[PDB]
Every structure is written in structure tokens, then in C-alpha cells.
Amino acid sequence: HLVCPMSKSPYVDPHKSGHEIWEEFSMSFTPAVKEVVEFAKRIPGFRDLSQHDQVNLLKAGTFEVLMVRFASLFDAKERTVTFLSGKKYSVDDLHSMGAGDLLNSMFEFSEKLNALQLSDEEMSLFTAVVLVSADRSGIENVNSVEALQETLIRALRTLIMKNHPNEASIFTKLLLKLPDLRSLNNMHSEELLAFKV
């Protein structure tokens, strides 16, 4: 099996080689990555980072960006996951198919985030903060990224303040998701390396 919901189905043909499975996987997740790229070009300060930092922020923040965007793919009430093809699989189904604790963590993250029911403006501004908050370890001009990060955060607070005048705490709740997304990312690369069993 391949239980990543970027798949179009967790079901893998047992009679296809590893690289042909992976290529099928790829023509499913490749569009979603390209939309993170497109989305980055539309963050205005982003185009003003060097080419190297732009690529590095995307290399490191794409997963986090997607976890935010596709959090809606985790139905906490139905206890189902929607895969990219559109089909839904129960949690119980996926656990017997190989899934474990990262799936449960993603449901808890998604439940709490879907709970906020952010609009698309709030979300798109949130995701951009998530992108330029990517781990900085390969970044050359850290100060300029932290200045873009700082600018995008200020817009987030202003937008939240106008949209939730009586609920200021949403803003801090959104920031405190950043370490949660970073743990989901680590565990999820650990899942990727375990691809070698």
C-alpha cells in the first residue's frame, strides 16, 4: 500500500515496480506542488528574495503549506480522509492498510484548524506566513526572509483584527500552529524514509 492522501487511492498494484508506482503517485501530487510554486510567486515580498532563498523556502515549506491547504481533506466527524482523486477512506480502513500515528496527528491538527473556519483571505494569508516560516537552515539572507515573515505576520494580525474584532486570540492560535506543522513535517519525512521499510 501507499497511504498518502496525495495518492489518488491507497491501493497499489502488487505487480507494478517501485518506480512505476512512484511515477503514478507523482502525477497525482505534482500538480499540488506546482500550485504552491504558483502561490509563492503571488506573495509580493517573496519575489524579492534571492532565487536561492525562494527555492529553499519552497523545498522546506511546501509540505507545511499543503497540510494547511488540504487540512479540509480530513473529516473529523465522519472520521474519513479524502484522497486527491476525490474518494474517501475511513480511518479504520487506512490503519489496517498501514497508517498509524501521523494520520491521527493530522486529524487532530486538521480538527483544530478546520475548527477555526478561516475564510480564504485569512487562510491564504495564513499559508503565506507558513511558507516564509519554513525552516531556515539552507537560507542565505536570513534577515530578509525574517523581514518578509515579519511583514506577512503584521498583515495577518490586521486581517484577523478586522475580521474577528472580538476574537483577537485567533491570531496567536494561528501562530502556535507553526511548531505543530513543523512536527507534522518531521514525522512525515520520517514516514518517507521508512519507505525503505
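Sequential numbering from 1, following the sequence displayed.
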{"query": "134-142 or 54-62, whichever carries the higher mean Cα B-factor", "finding": "134-142"}
{"query": "Between 30-38 and 162-170 (mean CA B-factor, as deposited), the higher", "finding": "162-170"}
{"query": "Chain-relative CA temperature factor third for residue 116", "finding": "highest"}
{"query": "Residue 157 - which third its CA temperature factor falls in, relative to the rest of the chain", "finding": "middle"}
{"query": "Residue 81 - Cα temperature factor, lowest/middle/highest third of chain", "finding": "middle"}
{"query": "Entry-reported Cα temperature factor of residue 96, expressed as the chain third it lands in", "finding": "highest"}
{"query": "Among modelled residues of the same chain, the CA temperature factor third for residue 102", "finding": "highest"}
